[PDB]
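**Q** 3D, please:
(one chain, ligands or ions: 3)
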Amino acid sequence: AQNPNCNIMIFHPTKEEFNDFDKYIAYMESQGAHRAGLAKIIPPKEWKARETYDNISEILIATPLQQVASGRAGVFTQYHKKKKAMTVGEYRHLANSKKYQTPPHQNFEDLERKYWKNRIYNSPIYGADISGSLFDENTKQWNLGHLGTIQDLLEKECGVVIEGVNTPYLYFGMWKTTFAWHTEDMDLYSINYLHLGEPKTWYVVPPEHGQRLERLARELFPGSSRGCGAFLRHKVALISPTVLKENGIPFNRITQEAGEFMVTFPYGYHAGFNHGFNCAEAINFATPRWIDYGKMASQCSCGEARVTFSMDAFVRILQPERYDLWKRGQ
Ligand SMILES: O=C(O)c1ccnc(CNCc2ccco2)c1
Ligand code: NI
Ligand SMILES: [Zn+2]
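**A** Numbers count the residues shown, from 1 in each chain. Ligands and ions are numbered 1, 2, ... in the order given. Dropping the coordinates below:
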């Protein structure tokens with residue numbers, strides 16, 4: 001079996017290998033990449049997402065979210081307070097202000113230490129889940145707005161035509177902005193491209209050990225667990241690497257830099273934080289290997305989790321027994 005220790009693998013495709021997205025994902029899996037839950041892909045040197053980032057300041061962040069923490073430094077929840085709209089130019093200026101800017105630090109490890117020591121004491125503002133794309137329409141390889149749709153994948157694999165669309169989202173970050181521990185909707189894959197700015201640090205649990213993370217989360221967030229059997233779907237829980245190590249949870253970490261892709265694999269729990277002002281683009285995708293994960297994915301039926309119209313069909317076709325209860329929640 002390839003990659004038995006479930007290490008995060010890093011790939012350097014050539015421009016020829018970068019031509020067929022599905023083929024390359026299958027190749028990575030042939031080398032065991034999926035066992036980690038996360039892989040890094042460094043694009044060929046000939047490739048670019050677009051010409052420049054000089055003309056992005058007039059994008060609107062209609063609902064910036066202030067991420068307010070509760071708990072202890074290594075075990076906390078965050079809630080999202082809605083703020084007034086602002087442009088990307090205004091947001092960048094805010095990110096770079098004395099109140100919000102990245103502190104002096106020696107290296108990535110020092111900044112990680114500062115994050116976990118100090119995150120709960122601040123409330124950074126995140127520009128999340130903004131429908132759109134920054135890929136040039138003439139970028140022909142790994143263009144996140146031009147991937148095969150999940151609906152077409154389900155149809156090719158299962159023979160059922162369904163409604164729904166699948167489009168990319170933009171994420172504008174600043175120092176300490178945080179993505180909580182989660183898997184993707186329906187335990188899909190994701191692909192994430194860091195277009196511009198400062199790095200993003202990721203934590204990931206191997207899919208084969210996801211239930212270990214779930215068990216710890218139930219113990220660490222007992223009221224949330226009583227409220228919902230799939231409360232990690234709420235995307236509010238943070239657990240530090242120190243706490244994970246104390247509890248024997250297998251995980252890995254890696255830092256993504258501008259110009260790099262990350263792929264998350266089905267049922268790979270992940271979390272992380274931004275180093276400073278940045279912009280990422282992400283989308284969910286599927287392969288034939290996803291279908292059996294989609295059938296088994298937990299669902300939030302308590303009303304809290306934010307679900308798109310497109311998830312209806314996935315639940316309806318893959319999880320007909322659950323559909324009734326899940327719809328009552330949505
Ligand atoms: O803030 C982030 O950089 C971030 C990191 C990881 N996971 C996510 C959310 N899931 C991916 C996805 C698929 C479509 C849109 O997002 C966000
Ligand atoms: Ni994600
Ligand atoms: Zn719930």
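**Q** hmm, who's touching stretch 235-251?
**A** Outside stretch 235-251, the residues that touch it by C-beta atoms under 8 Å, 6 or more residues apart in numbering are 6, 69, 71, 73-79, 116, 119, 178-182, 203-206, 209, 212-213, 216-217, 220-221, 224, 231, 253, 271, 305-306. Any C-beta I mention is one placed from the backbone N, CA and C, and that applies to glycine too.
**Q** overlap between these and the residues near ligand 3?
**A** On the criterion C-beta under 5 Å from the ion, none of the entries of these sits beside ligand 3.
**Q** can you flag the buried ones in the residues you listed?
**A** Buried by 16 or more other C-beta atoms under 10 Å: 6, 69, 73-78, 116, 119, 178-182, 203-206, 209, 212-213, 216-217, 220-221, 224, 231, 253, 271, 305, out of the contacts of stretch 235-251.
**Q** next step: those residues restricted to strands.
**A** Using DSSP state E, the subset of the buried ones among the contacts of stretch 235-251 located in strands is 69, 75-78, 178-182, 203-204, 253, 271.
**Q** what about ligand 1: which of those residues touch it?
**A** residue 179 (C-beta under 6 Å from any ligand atom).
**Q** wait, which of the ones in strands among the buried ones among the contacts of stretch 235-251 is closest to residue 300?
**A** Set against residue 300, the nearest of these by C-beta to C-beta is residue 182 (10.9 Å).
**Q** that closest one against residue 268, yeah?
**A** No. In this structure, residue 182 is not within contact of residue 268 by C-beta atoms under 8 Å, at 9.9 Å.
**Q** over to residue 51. Which of the three states is it?
**A** Three-state call for residue 51 (DSSP: H, G, I helix; E, B strand; the rest coil): coil.
**Q** surely it and residue 137 touch.
**A** No. At 11.8 Å, residue 51 does not count as touching residue 137 under the criterion of C-beta under 8 Å.
**Q** run through the residues of the stretch 151-300 of the chain sitting next to ligand 3.
**A** Where the stretch 151-300 of the chain comes near ligand 3, counting by C-beta under 5 Å from the ion, the residues are 228, 300.
**Q** ok, which stretches of the stretch 151-300 of the chain are strands?
**A** Counting by DSSP state E, counting those that start in this stretch, the stretch 151-300 of the chain has these strands, from start to end: 169-173, 178-182, 189-197, 200-204, 237-239, 252-256, 261-264, 270-274, 278-285.
**Q** could these go into JSON lines alongside distance to residue 33?
**A** Listed next are those as JSON lines, based on distance: least, C-beta to C-beta, whole Å:
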{"stretch": "strand 169-173", "distance to residue 33": "23"}
{"stretch": "strand 178-182", "distance to residue 33": "20"}
{"stretch": "strand 189-197", "distance to residue 33": "11"}
{"stretch": "strand 200-204", "distance to residue 33": "12"}
{"stretch": "strand 237-239", "distance to residue 33": "24"}
{"stretch": "strand 252-256", "distance to residue 33": "12"}
{"stretch": "strand 261-264", "distance to residue 33": "8"}
{"stretch": "strand 270-274", "distance to residue 33": "14"}
{"stretch": "strand 278-285", "distance to residue 33": "15"}
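**Q** nearest to residue 45, out of these?
**A** That would be strand 261-264 among the strands of the stretch 151-300 of the chain, by C-beta to C-beta, at 14.3 Å.
**Q** in terms of secondary structure, what does the closest one contact?
**A** Under the contact criterion of 3 or more C-beta pairs under 8 Å, 6 or more residues apart in numbering; DSSP states H and E, strand 261-264 touches strand 38-41, strand 189-197.
**Q** would CSV of those strands with mean neighbour count be doable?
**A** Formatted as CSV, the helices and strands packed on strand 261-264 follow (neighbours: other C-beta atoms under 10 Å):
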stretch, mean neighbour count
strand 38-41, 24
strand 189-197, 21
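**Q** ok, which of those comes nearest ligand 1?
**A** strand 189-197 (3.9 Å; C-beta to the nearest ligand atom).
**Q** follow-up on the earlier one: which one of the ones in strands among the buried ones among the contacts of stretch 235-251 sits closest to ligand 3?
**A** Nearest to ligand 3, judged by C-beta to the ion, of those is residue 182 at 12.1 Å.
**Q** tell me who's in contact with that closest one.
**A** With C-beta under 8 Å, 6+ apart, residue 182 has these contacts: 232-233, 235, 269-271.
**Q** and which of those is nearest to residue 127?
**A** The shortest gap between residue 127 and any of those belongs to residue 235, at 15.5 Å (C-beta to C-beta).
**Q** roughly how far apart are residue 279 and residue 134?
**A** Distance check for residue 279 against residue 134: by C-beta to C-beta, to the nearest Å, it reads 7 Å.
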